[PDB]
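K.L.:
Chains as they are written, first to last, in the working numbering: chain R, 1 to 49; chain P, 1001 to 1139; chain L, 2001 to 2104; chain C, 3001 to 3071; chain Y, 4001 to 4057; chain H, 5001 to 5044; chain S, 6001 to 6514; chain Z, 7001 to 7227; chain G, 8001 to 8047. All residues carry an ideal CB built from backbone N, CA and C; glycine is no exception.
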Amino acid sequence: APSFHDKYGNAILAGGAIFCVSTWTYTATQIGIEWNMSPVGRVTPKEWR
Amino acid sequence: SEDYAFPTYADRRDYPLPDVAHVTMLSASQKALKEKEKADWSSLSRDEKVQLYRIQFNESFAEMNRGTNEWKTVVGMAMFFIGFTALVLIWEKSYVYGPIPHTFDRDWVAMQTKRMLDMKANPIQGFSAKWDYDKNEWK
Amino acid sequence: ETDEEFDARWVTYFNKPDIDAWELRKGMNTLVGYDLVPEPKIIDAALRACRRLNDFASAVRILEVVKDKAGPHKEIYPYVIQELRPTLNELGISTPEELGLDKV
Amino acid sequence: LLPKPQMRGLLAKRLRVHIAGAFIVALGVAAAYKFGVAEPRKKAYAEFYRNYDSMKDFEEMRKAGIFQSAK
Amino acid sequence: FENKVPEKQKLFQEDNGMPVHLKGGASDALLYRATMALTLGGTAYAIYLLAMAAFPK
Amino acid sequence: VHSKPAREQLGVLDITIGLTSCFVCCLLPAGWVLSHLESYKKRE
Amino acid sequence: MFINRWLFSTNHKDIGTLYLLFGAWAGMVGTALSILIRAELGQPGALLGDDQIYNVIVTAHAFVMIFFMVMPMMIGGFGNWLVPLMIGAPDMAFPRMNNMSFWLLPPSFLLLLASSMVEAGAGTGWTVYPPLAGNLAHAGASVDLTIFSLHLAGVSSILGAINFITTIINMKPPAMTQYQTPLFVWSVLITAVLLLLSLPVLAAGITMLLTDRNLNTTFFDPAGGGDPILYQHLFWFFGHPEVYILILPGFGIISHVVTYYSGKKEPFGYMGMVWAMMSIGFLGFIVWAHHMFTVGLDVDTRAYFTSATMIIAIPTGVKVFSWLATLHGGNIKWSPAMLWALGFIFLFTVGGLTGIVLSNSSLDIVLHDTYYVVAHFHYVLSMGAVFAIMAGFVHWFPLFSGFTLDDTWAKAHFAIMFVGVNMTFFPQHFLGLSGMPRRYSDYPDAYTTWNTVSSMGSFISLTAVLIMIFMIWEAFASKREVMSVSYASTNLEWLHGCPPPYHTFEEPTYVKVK
Amino acid sequence: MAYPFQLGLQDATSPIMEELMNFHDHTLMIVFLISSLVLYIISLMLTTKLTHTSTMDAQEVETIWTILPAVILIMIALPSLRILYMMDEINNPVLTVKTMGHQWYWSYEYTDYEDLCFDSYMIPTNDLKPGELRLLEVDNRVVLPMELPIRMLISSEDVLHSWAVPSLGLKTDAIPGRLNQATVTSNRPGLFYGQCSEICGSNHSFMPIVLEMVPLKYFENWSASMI
Amino acid sequence: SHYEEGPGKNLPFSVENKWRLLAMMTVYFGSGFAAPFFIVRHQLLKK
Ligand code: HEA
Ligand code: HEA
Ligand SMILES: [Cu+2]
Ligand SMILES: [Mg+2]
Ligand code: NA
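1) In or out: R6439 (chain S) buried (at least 16 other Cβ within 10 Å) or exposed?
2) Going by C-alpha distance, which of L:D2035, L:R2051 and L:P2086 is nearest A1039 (chain P)?
3) Is the beta carbon of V40 (chain R) sitting closer than 9 Å to the one on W1131 (chain P)?
4) Report, in whole angstroms, the separation of the C-beta atoms of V6083 (chain S) and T6010 (chain S), which I expect to be a contact under 8 Å.
5) Measuring only the C-alpha atoms, how far is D7115 (chain Z) from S7155 (chain Z)?
6) Report whether the distance from the Cβ of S7162 (chain Z) to the nearest heavy atom of ligand 4 is below 8 Å.
7) Between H7102 (chain Z) and ligand 2, is there a pair consisting of the residue's CB and a ligand heavy atom that are separated by less than 8 Å?
8) Is the Cβ-Cβ distance between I6165 (chain S) and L6202 (chain S) less than 9 Å?
9) Since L6194 (chain S) and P6241 (chain S) should fall inside the 8 Å C-beta cutoff, what is the C-beta to C-beta distance between them, to a whole number of angstroms?
10) Count Cβ pairs between the stretch 6038 to 6051 of chain S and the stretch 6441 to 6448 of chain S that sit closer than 8 Å; are there 3 or more?
11) Is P3005 (chain C) buried or exposed, if buried means 16 or more other CB atoms sit within 10 Å of its CB?
12) Taking contact to mean 3 or more Cβ pairs, one atom from each stretch, closer than 8 Å, check whether the stretch 7180 to 7189 of chain Z and the stretch 6024 to 6032 of chain S are in contact.
13) Roughly how far, in whole angstroms, is the beta-carbon of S6279 (chain S) from the beta-carbon of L6327 (chain S), given that I think they are within contact range, below 8 Å?
14) Less than 8 Å between the CB atoms is what I'm expecting for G1076 (chain P) and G16 (chain R), so what's the real figure, rounded?
15) What does the alpha-carbon distance come out to for the pair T6124 (chain S) and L6199 (chain S)?
16) Note down the Cα distance separating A2070 (chain L) from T7063 (chain Z), rounded to an integer number of angstroms.
17) What separation, rounded to the nearest whole angstrom, lies between the Cα atoms of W7222 (chain Z) and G6296 (chain S)?
18) Say the cut is 8 Å; is the CB of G6250 (chain S) nearer than that to a heavy atom of ligand 3?
19) In terms of alpha-carbon separation, which member of S:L6105, S:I6066, S:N6163 and S:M6338 lies closest to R6096 (chain S)?
20) Based on DSSP bridge pairs, tell me the residues matched to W7106 (chain Z).
21) If the cut is a Cβ gap below 8 Å, which residues of chain S does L1017 (chain P) touch?
22) Under the criterion of a Cβ to heavy atom distance below 8 Å, does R6438 (chain S) qualify as lining ligand 2?
23) Just confirm the distance between the C-beta atoms of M6423 (chain S) and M6456 (chain S), as a whole number of angstroms; I'd bet it's less than 8 Å.
24) Would you list, in sequence order, the uninterrupted alpha helix (DSSP H) runs of no fewer than 4 residues that lie entirely inside the stretch 1021 to 1082 of chain P?
25) Does the beta carbon of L2099 (chain L) sit closer than 9 Å to a beta carbon anywhere in chain P?
26) What residue does the alpha helix (DSSP H) around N7187 (chain Z) start on, and which one ends it?
27) If you check the beta carbons only, do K46 (chain R) and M1111 (chain P) fall under 9 Å apart?
28) Let's test the definition: count the other Cβ atoms within 10 Å of the Cβ of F6008 (chain S) and tell me whether it reaches 16, buried, or not, exposed.
29) Does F6505 (chain S) come out as helix, strand or coil in the three-state DSSP assignment?
30) Taking only beta-carbon positions, decide if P5005 (chain H) is within less than 9 Å of chain G.
31) What is the chain-ordered set of residues for which the beta carbon lies under 7 Å from any non-hydrogen atom of ligand 3?
32) Which ranges does the alpha helix (DSSP H) cover as unbroken runs of at least 4 residues, wholly within the stretch 2011 to 2074 of chain L, from first to last along the chain?
33) Please find out if some non-hydrogen atom of ligand 1 comes closer than 8 Å to the beta-carbon of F6063 (chain S).
34) Listed in chain order, which residues of the stretch 1099 to 1123 of chain P have Cβ atoms closer than 8 Å to some Cβ of chain Z?
35) Tell me which residue opens and which closes the beta strand (DSSP E) that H7161 (chain Z) is part of.
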């Protein structure tokens, strides 16, 4: 209470953690940037000419 | 003016005893306190002792070596502004970046994988070593 | 740089009779600078000097800085206070643990 | 009655045991990298170039009609 | 030729308030205005020529 | 280094304005150019 | 009053003020160029079109970040503030050419801006390797504008180096041994000496190139018996001394902030510190061809150059171990300057070791001009010299303006920029080992993922730049003063007021007779 | 050919690359040794609590702090000179191939008998036939035989280039009027991909290197089939 | 004395008005960050 970091410190901790993980998951997954995943194990090789 | 030139009060474990006291003004109560300090050493009690320590030194060792929550304020602020950076990245994909080259299509990626498996690209441990060439699957 | 003569020169510099506040503080600070938890004889001489110089606060600051210099292992301060048991009740000085600055 | 603990060179003894710790964990990290990836790569080369046949590899590359040297 | 240093040594130690680059008289002030009027005018003419190189017709 | 109290302390609103103020005009120019690069691209 | 005090300045405090302003502006320009480069390199494809304009962007990035940011920030700026206050001098030895060198810098930046204006562009890089910069590949004036900007910056650096050497070895108090000055003075002294011995080398090289283009001569034209390898030799005889210029005041600043906030009254091994500084200064001139391992030199010459590069590696390690030793035994005050110093120690360590991995010669025959080199010099420069600049900046700011910094927000800046530069600069190890070369506006599919990660981290670093400029505003707006400064007994600069007045050391220091 | 999520080098094909990667992980275990050491020392003095601000003794630890990193650097430097000697070994030049970096492309010359010079251009993204790699493919590949030490005489026409195939392990600057010699060997046939590594105008990113190595009989079959 | 000294008085810009200071820092750093973007748009128009 007397210093700024006693309870507002935990508040900024929780807000930053939630804000960070939510926005990073949003930008990594739901937008549509491709990470160019490692093609081992996940894709079967279609035949090329 | 003269504050930088004069010796100044400070508190650290490096320099435990500063040249100047914590307080400079002396009240009548503090003058009487110094009189009883000059008086008998077994006749001064707990609250006079603690106020003498308070007027000589500002912060005690146990209350200045404490672990306070500024560090978690730092890491929270850092996560906040990295989240704002992620917002800038959302904008930076939504606006400046246009179409992507067609070589990244799923069928094109699969045929590229088949081609560089037929070439046996770096097949000792890198990429083609994890593909079974007889069973037509991976490892 | 032998330890016994180190102790002897420190104790005689501390119990020199015309000791003053500035040189007392200088001696305490440059002994704190050493990598050495001070001898209870050295702390005894410092308490005698603060007796001559009339400073409860300097005496209990010496006690608090040897507490800090004890470090992660707590067994040093009961040891030094059980050698300085007669001089603490002889000089009327109260331990910082007694007079309540360890807790906040 | 408490006995006399270590009073001389506390940080000296801590520094000695901790630089011994520094050396052993440094060789531990180096040996971790070694036993993890250095010799497994060498064993991969040994297996590949013991079982390797260049003409067989070229023919199974050539079988799909890819090089313009061999059509 | 005559030693005119000590008489010019009296015209510069006068604590009249002018800085060292202006104590000599009206010739120095005229020359300092002249070197201001062609350096700043030259710099303004320089950035115009660079802009004319930057933007074709 | 001990510091004297702020002569002109900034309020919650002042900090808000300060942070945004620059971010705004320190990224606005960037956004404009990057966002319209394709137009700019038009030789027209 | 304004034009008398600031445009015609003759005192080193305001000269360093205007250095700091110009260095901040150049840092802004270089940050914008880096963000544009990463805008290329965050998504595959021609966002701009041709890569010639991208090469212009990277050339401006290199020139602005080296010559207009780092040297005016710590060599000009911090030196001009500190070293008269460090050695007790009332002013610099030749403040009139100090002011000349300062006001020489914005014409160099303006000539580089005009080079960017010219439609040919400076598509060469930091290296201005002919015949790319000749009349055939670059039929324009932009590279001539860059060469003249190098002339302006070079003569400014020569004048500043002369002034710094004269001030250091002349106007210390006469009873002082030269081996008794604070280590930033020694660092900037060796810096100014190497500037003096390496800046005429760039002058010779770029006059050679300018004469090669404009006057029909054949210094680097293969059709006239010349050779570009001569320009490479001259430019790297410049170049490695110049990167040691960009690192030595970093050594001094980090040593000072460590010995300040670590509680030690003296750094460990002062003689070893000064010996290591002079040793890397001496060996900085005979290792210039470690950038030359793939050009086609003689093989015994390559062996000598890599061996001498190990010989320059050893005393820097002595310097690093002396930093760890002076960190040992002291109570650590958790000011942000220690956070910058510790970041400098670890990141400079890994960058120098990356430099050693390059320094093995055949490893450059596999690894020359890839992004492994990019990772090396961005570790050791883009956050080595940058973190040292930050440490000195957040340290001496109460001395520079009178207003302190709030530790929570300042550490927030430190943490975000540390994370951003690590995320930016750690993937180029994999980018270089996987084998993509420099100066590419688009990258293959293997490098896509790490390039995207690096660009995202670069945007994190941009957000850190925003929080820094907001923090400068917040300090200048809150205007909380300095109550007291510790360790002014050992640090001479802090005892003459925060900030020191216009006329300092009007009464000379009484140095002990011994 | 580089694969996504790659942390080390493209795997070895040449024996010189085999010793390069062996020495490379030697240097990596050395740097990891030093990095872990400095990490534990930094963590030690940030995790400590005791104080020593007295006169510190200086002339006791710089002796070991000078001699043992000297041992580390000399054991780093000795295999570097060993590999340099491996490139200093004599040649068995079954073929001589000359590369001539032209403005934004390459030209490769086989001139030992029946002089032929072909042009390595750049294939575009829209003209990429299905299944290929982007920014790497060339319509005219560079044909070599396997298992043979071949001379590589490397120069450039009007601007500096840098012939760099990282998989096989070659990188030399193509300089006008100065052709460098590179010993190309391998152990496998197939395609190998590399880039230009020196800035050379408005298509610097658009100069790749493709090398296909196959049995000698197919090599002269190719060389006869063109002409 | 001859020049005014004190905290904030050794800067070439005024400090007393924090909003005016914010405006001048905003336009200063905005021009600094906007110069290369106007370079790239000027070259895109030129090309
Ligand atoms: C801050 C500037 C700076 C600094 C200090 C350095 C320092 C070093 N640099 Fe670098 N360098 C650059 C800036 C810098 N460099 C730039 C800007 C380029 C590219 C320019 C261009 O291409 O345009 C470059 C390029 C460059 C190359 C070119 C690679 C190529 O293109 O083929 C090489 C290779 O030898 C190299 C090597 C080194 C070495 C060996 C050091 C050493 O001085 C580092 C020493 C530091 C250490 C920390 C040593 C490690 C010691 C310890 C960790 C102590 C403990 C050790 C033991 C116990 C053994 N540098
Ligand atoms: C000082 C030197 C310096 C600095 C800081 C940087 C910083 C950065 N560099 Fe830079 N870079 C070079 C010097 C530097 N670089 C050189 C010399 C080259 C080679 C050019 C060539 O190939 O010819 C290069 C090349 C280079 C490339 C290669 C381009 C290519 O080959 O295609 C890339 C791309 O990722 C890159 C990225 C970055 C990034 C993302 C940053 C980020 O770290 C940017 C963030 C850093 C800062 C913002 C610095 C801090 C300064 C301030 C915050 C402002 C100062 C103001 C005050 C302190 C008040 N750099
Ligand atoms: Cu170098
Ligand atoms: Mg080159
Ligand atoms: Na791009």
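P.N.:
This is what the structure gives:
1) As a position in the seventh sequence, residue 6439 (chain S) is number 439, starting the count at 1. So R6439 (chain S) counts as buried.
2) On the second sequence, residue 1039 (chain P) is found 39 positions in, with the first residue counted as 1. The candidate whose alpha carbon is nearest that of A1039 (chain P) is L:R2051.
3) As a working mapping, residue 40 (chain R) is identified with position 40 in the first sequence. As a working mapping, residue 1131 (chain P) is identified with position 131 in the second sequence. Yes, Cβ-Cβ distance for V40 (chain R) and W1131 (chain P) is below 9 Å.
4) For the purposes of this step, residue 6083 (chain S) is identified with residue 83 of the seventh sequence, where counting begins at 1. For the purposes of this step, residue 6010 (chain S) is identified with residue 10 of the seventh sequence, where counting begins at 1. About 16 Å; that fails the 8 Å criterion.
5) By one-based count along the eighth sequence, residue 7115 (chain Z) stands at place 115. By one-based count along the eighth sequence, residue 7155 (chain Z) stands at place 155. Near 18 Å, if we compare the C-alpha coordinates of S7155 (chain Z) and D7115 (chain Z).
6) Within the eighth sequence, numbered from 1, the residue matching residue 7162 (chain Z) stands at position 162. It does: the Cβ of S7162 (chain Z) is within 8 Å (strictly closer) of some heavy atom of ligand 4.
7) Your numbering for residue 7102 (chain Z) matches position 102 in the eighth sequence. Every heavy atom of ligand 2 is 8 Å or more from the Cβ of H7102 (chain Z), so no.
8) The residue labelled residue 6165 (chain S) in the question sits at position 165 within the seventh sequence. The residue labelled residue 6202 (chain S) in the question sits at position 202 within the seventh sequence. For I6165 (chain S) and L6202 (chain S), no; Cβs fall outside 9 Å.
9) Within the seventh sequence, numbered from 1, the residue matching residue 6194 (chain S) stands at position 194. Within the seventh sequence, numbered from 1, the residue matching residue 6241 (chain S) stands at position 241. Indeed they touch by this definition, with Cβ atoms about 5 Å apart.
10) yes
11) Taking the fourth sequence and counting its residues from 1, the one referred to as residue 3005 (chain C) is at position 5. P3005 (chain C) comes out exposed.
12) no
13) To locate residue 6279 (chain S), count along the seventh sequence from 1; it is residue 279. To locate residue 6327 (chain S), count along the seventh sequence from 1; it is residue 327. Between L6327 (chain S) and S6279 (chain S) the Cβ distance is about 22 Å, and since that is not below 8 Å, they are no contact.
14) Counting from 1 along the second sequence, the entry for residue 1076 (chain P) is found at position 76. Counting from 1 along the first sequence, the entry for residue 16 (chain R) is found at position 16. Right, the Cβ-Cβ distance comes to about 4 Å (below 8 Å), so this counts as a contact.
15) Your numbering for residue 6124 (chain S) matches position 124 in the seventh sequence. Your numbering for residue 6199 (chain S) matches position 199 in the seventh sequence. For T6124 (chain S) and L6199 (chain S), the distance between alpha carbons rounds to 20 Å.
16) For the purposes of this step, residue 2070 (chain L) is identified with residue 70 of the third sequence, where counting begins at 1. For the purposes of this step, residue 7063 (chain Z) is identified with residue 63 of the eighth sequence, where counting begins at 1. Roughly 32 Å separates the two Cα atoms.
17) Taking the eighth sequence and counting its residues from 1, one reaches residue 7222 (chain Z) at position 222. Taking the seventh sequence and counting its residues from 1, one reaches residue 6296 (chain S) at position 296. Distance between the alpha carbons of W7222 (chain Z) and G6296 (chain S) is about 32 Å.
18) By one-based count along the seventh sequence, residue 6250 (chain S) stands at place 250. Result no, Cβ not under 8 Å from ligand 3.
19) Position 96 of the seventh sequence, counting from 1, holds the residue named residue 6096 (chain S). Closest by alpha carbon: S:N6163.
20) Along the eighth sequence, one-based indexing puts residue 7106 (chain Z) at 106. According to DSSP, which records beta bridges pairwise, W7106 (chain Z) is partnered with Z:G7101 and Z:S7120.
21) Sequence index remark: in the second sequence, residue 1017 (chain P) carries index 17 (1-based). Result: empty, since nearest Cβ-Cβ is about 14 Å, beyond 8 Å.
22) To locate residue 6438 (chain S), count along the seventh sequence from 1; it is residue 438. Yes, ligand 2 has a heavy atom inside 8 Å of this Cβ.
23) As a first step, residue 6423 (chain S) must be located in the seventh sequence, where it is residue number 423. As a first step, residue 6456 (chain S) must be located in the seventh sequence, where it is residue number 456. Indeed, because the Cβ distance is near 7 Å, the residues count as touching under 8 Å.
24) 1028 to 1038, 1046 to 1056 and 1061 to 1064
25) For the purposes of this step, residue 2099 (chain L) is identified with residue 99 of the third sequence, where counting begins at 1. Answer yes: the Cβ-Cβ gap between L2099 (chain L) and chain P drops below 9 Å somewhere.
26) Position 187 of the eighth sequence, counted from the start, is the residue given in the question as residue 7187 (chain Z). Per DSSP, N7187 (chain Z) belongs to no alpha helix (DSSP H) and is neither H nor E.
27) Taking the first residue of the first sequence as 1, we reach residue 46 (chain R) at position 46. Taking the first residue of the second sequence as 1, we reach residue 1111 (chain P) at position 111. Yes, these two residues count as a Cβ contact at 9 Å.
28) Stepping through the seventh sequence from its first residue, residue 6008 (chain S) is reached at position 8. It is exposed - the Cβ of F6008 (chain S) has fewer than 16 other Cβ atoms within 10 Å.
29) For the purposes of this step, residue 6505 (chain S) is taken as the residue at position 505 of the seventh sequence. Note: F6505 (chain S) maps to coil in three-state DSSP.
30) For this step, residue 5005 (chain H) is matched to residue 5 along the sixth sequence. So no, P5005 (chain H) is outside the interface.
31) S:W6236, S:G6239, S:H6240, S:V6243, S:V6287, S:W6288, S:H6290 and S:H6291
32) 2021 to 2032, 2040 to 2053 and 2056 to 2070
33) As a first step, residue 6063 (chain S) must be located in the seventh sequence, where it is residue number 63. For ligand 1, not one heavy atom lies less than 8 Å from the Cβ of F6063 (chain S).
34) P1101, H1102, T1103, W1108, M1111, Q1112, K1114, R1115, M1116, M1119, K1120, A1121, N1122 and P1123
35) Taking the eighth sequence and counting its residues from 1, the one referred to as residue 7161 (chain Z) is at position 161. Taken as a continuous stretch (DSSP letters only), the beta strand (DSSP E) holding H7161 (chain Z) covers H7161 to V7165.
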